[PDB]
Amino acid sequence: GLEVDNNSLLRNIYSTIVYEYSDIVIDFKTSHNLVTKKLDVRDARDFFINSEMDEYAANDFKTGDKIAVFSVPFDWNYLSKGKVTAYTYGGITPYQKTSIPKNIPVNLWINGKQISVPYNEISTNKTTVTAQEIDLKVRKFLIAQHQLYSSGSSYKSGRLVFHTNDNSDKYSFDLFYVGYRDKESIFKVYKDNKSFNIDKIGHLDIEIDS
């Protein structure tokens, strides 16, 4: 697709509302899905979240486990009376009683030039945080402050790299991945339920280029 079209696409895709719940129990766990118990009430209907993830990642959970959710939906189901289920990818971490707010340093380069990013721009209260949560916070920031996906923007490529301080290769997201041009494919990059120990993330390295 063309630059202008990819921008409009991603701008709309990442404008999608994010779901954040710190304490919920898994009602059902299957090979590659987790379904929460009632989260709350949205538009008069009882709200539930279904998380799709690689079987390898799902192996980490069992029915009854207490978990936290931070994810973006790609579909909704209203076929059941007084009920609504949002479908998402990963975004699941073990329940954490006490919040531990921590800022994650960010290094940003736009078209080769380094740009300062405030100390408190990206943060999380989790000791085990998903790459998805960080990505969502990063893109919201970039869209609001650095013209990411904006109309009239010349950007065409970019990446968010998690520069961890361990022996693992650096995990990253492609900021201009468009898949099949819909939420189902674009958000599918979160299916691995990738997460990090907060003390292992040294900082984030972001590149955006035209």
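Heads up: residue numbers just count along the shown sequence, starting at 1.
According to the deposited model, is the average Cα temperature factor higher in 77-85 or in 101-109?
-> The recorded data point to 77-85.
Between 89-97 and 136-144, which has the higher average C-alpha B-factor in the PDB entry?
-> Comparing averages over the C-alpha atoms only gives 89-97.
Can you tell me which of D182, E52, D174, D46 has the highest Cα temperature factor in the record?
-> It is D46.
Most elevated Cα B-factor in the entry, residues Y155, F70, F162, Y56 | By C-alpha B-factor in the record, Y56 ranks first.
Assigned third (lowest, middle, highest) for the C-alpha B factor of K188 | Ranked within chain, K188 CA B lands in the lowest tercile.
Comparing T130 with the other modelled residues of its chain, is its CA B-factor in the lowest, middle or highest third?
-> CA B-factor rank for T130: lowest third.
Split the chain's modelled residues into thirds by Cα B-factor; is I26 in the lowest, middle or highest one?
-> CA B-factor rank for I26: middle third.
Going by the recorded CA B-factors, say which third of the chain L10 sits in, lowest, middle or highest.
-> Answer is lowest: the recorded C-alpha B-factor places it there.
Going by what the PDB entry lists, where does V41 fall on CA B-factor within its chain: lowest, middle or highest third?
-> Highest third of the chain for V41's C-alpha B-factor.
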